[PDB]
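First the structure, in the form of structure tokens, and then the observations on it.
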Amino acid sequence: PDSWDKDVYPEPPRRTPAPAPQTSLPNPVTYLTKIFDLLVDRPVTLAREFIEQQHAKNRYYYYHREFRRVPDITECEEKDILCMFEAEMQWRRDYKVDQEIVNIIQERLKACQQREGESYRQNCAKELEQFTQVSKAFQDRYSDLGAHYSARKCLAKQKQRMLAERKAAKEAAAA
Amino acid sequence: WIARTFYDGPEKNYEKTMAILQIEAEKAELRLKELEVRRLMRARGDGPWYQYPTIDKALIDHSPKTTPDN
Ligand SMILES: CCCCCCCCCCCCCCCCC[C@@H](O)O[C@H](CO[C@H](O)CCCCCCCCCCCCCCC)COP(=O)(O)OCC[N+](C)(C)C
């Protein structure tokens, strides 16, 4: 189904076994599935075709909204309130997008754990690593800002981290 | 339909907030400037404010006063 992008939400090829009946005893599962199909799926399918043709009779579109880039808080004057407002709004939108990125990675991790069955501790190591990386990035960017968070506080936290990194690297280089 | 009938686009609120922020930032700057100007005039007394009265010079009589040495 084209309803979502397959690259964003990867799924393995879904290999499934074939039936190899070793006895002549007829199973109840196949008959139950056959009667379920005949009694449930067909009426649902016909209703969906009717609804889909009704929708196709009246086709109209809606669009995704694009947002231009604006100067961020690093290139805003100390007391210039208009550029601070624009930078703040941009930073808030980027924060929301980052939240949704972490959501997507977490959904990937959950789907992997459910799908892999009993070998999840091995077959989901890539997803676990990717979530670890995204979690580290998000935690560095946004954690400990507080309830009254803003772009200025995020910038100050980044600046303090960069000072610490520069000092540690300088000390290691000259040792 | 709800958005069409009752509400407005994001740009209207965005630009109105920009205008409101401009107005109120100007007001804050003017308030600080007023406090500083009032302090300076009251300390110095060289401005239009805090001008306390003095004796008028048109009251003095400039005429010989029955005695040469005033
Ligand atoms: C199947 C339907 C599902 C949805 C049902 C929705 C029903 C809505 C009822 C509740 C609505 C609450 C009101 C929400 C808005 C009202 C206040 C304001 O936001 O609306 C005003 C407008 O309000 C409406 O004109 C009137 C709303 C009154 C609703 C009354 C409903 C109940 C009446 C019950 C009367 C019963 C009969 C009398 C019995 C004695 C101002 O809008 P306006 O600034 O113009 O918008 C311009 C938008 N532009 C710029 C993009 C063009």
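So you can find residues: chains in the structure tokens are A, B, ... in the order shown, residues in each start at 1, and ligands are numbered from 1 in order.
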Can you tell me which residues sit at most 12 Å away from ligand 1, counting only C-alpha atoms and all ligand atoms, written as a VMD selection string? chain B and resid 1 to 13
Contacts of chain B with chain A up to 10 Å, shortest pair per row, only C-alpha atoms, as CSV:
```
residue,atom,partner,partner_atom,distance
B:14,CA,A:86,CA,9.2
B:17,CA,A:85,CA,8.8
B:18,CA,A:82,CA,6.3
B:19,CA,A:82,CA,8.8
B:21,CA,A:81,CA,6.9
B:22,CA,A:82,CA,7.0
B:24,CA,A:81,CA,9.8
B:25,CA,A:81,CA,7.2
B:26,CA,A:81,CA,9.9
```
Point-to-point distance from atom CA of residue 138 of chain A to atom CA of residue 107 of chain A, Å rounded to tenths: 16.0 Å
Contacts of residue 114 of chain A at 12 Å (only C-alpha atoms; same-chain gap of 6+ positions) as a PyMOL selection string: chain A and resi 107-108+120-121+123-124
At what distance in Å, to one decimal, does atom CA of residue 73 of chain A lie from atom CA of residue 87 of chain A?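 Atom-to-atom, atom CA of residue 87 of chain A to atom CA of residue 73 of chain A, that is 5.2 Å.
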DSSP alpha helix (DSSP H) residues within segment 21-169 of chain A, as a PyMOL selection string: chain A and resi 28-36+42-57+81-115+120-123+125-142+151-169
